[PDB]
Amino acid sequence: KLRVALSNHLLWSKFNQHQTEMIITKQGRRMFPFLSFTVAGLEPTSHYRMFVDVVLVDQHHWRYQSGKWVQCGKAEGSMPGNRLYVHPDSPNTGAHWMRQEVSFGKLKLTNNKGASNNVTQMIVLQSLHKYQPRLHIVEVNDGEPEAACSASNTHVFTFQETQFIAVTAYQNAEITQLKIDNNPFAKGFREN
């Protein structure tokens, strides 16, 4: 039941300790290393919902002194928002999840909360805050009673080694390097 492992787990540790940074943009920008993993403990020909939402870890504004992330200003001071990203290939068979990684390699991030009457499905984030991706797998039934006090599955998965900071441009220069090497669209800039 419920076994959700992380693939690329090493890569997340690598970006984590040196405090992770995702660049956000008006047009949109994908996560790197884009959240991507593995699930088990499910029923094969039953099927399920998979979307991810990036929740906010705390209220505070942030800044980069002397290569150090530090709080600034004061709380203003929500807790998610966030705008969901449901797998392009969800819903789909329980077994179909287990046949593959569940990659979110195209999830985009941005700064336009007036996102062009939508036609987006991309997370819209504010620069310089600390967030945390969270993925759920709500299971979906047929047949609809009155019920009582119970409304499981009330199901949520979080990875804390996937926190990050929304930045308009990279700060720590280790991270730019870390990106540059692991990013295939970025290898123009290593032989440089």
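Note that residue numbering begins at 1 and tracks the sequence as displayed.
If you average the CA temperature factors over each stretch, which comes out higher, 60-68 or 135-143?
Stretch with the higher mean C-alpha B-factor: 135-143.
For the C-alpha atoms alone, is the average B factor greater in 38-46 or in 22-30, going by the entry?
Averaging CA B-factors over each stretch, the winner is 38-46.
Would you mind checking which of 165, 52, 149, 125 has the top Cα temperature factor in the PDB entry?
Among 165, 52, 149, 125, the highest C-alpha B-factor in the entry belongs to 149.
Highest CA temperature factor in the entry: which of 81, 114, 88, 105?
It is 114.
Is the Cα B-factor recorded for residue 92 in the lowest, middle or highest third of its chain?
For residue 92, the deposited C-alpha B-factor lands in the middle third.
What third of its chain, lowest, middle or highest, does the C-alpha temperature factor of residue 129 fall into?
CA B-factor rank for residue 129: lowest third.
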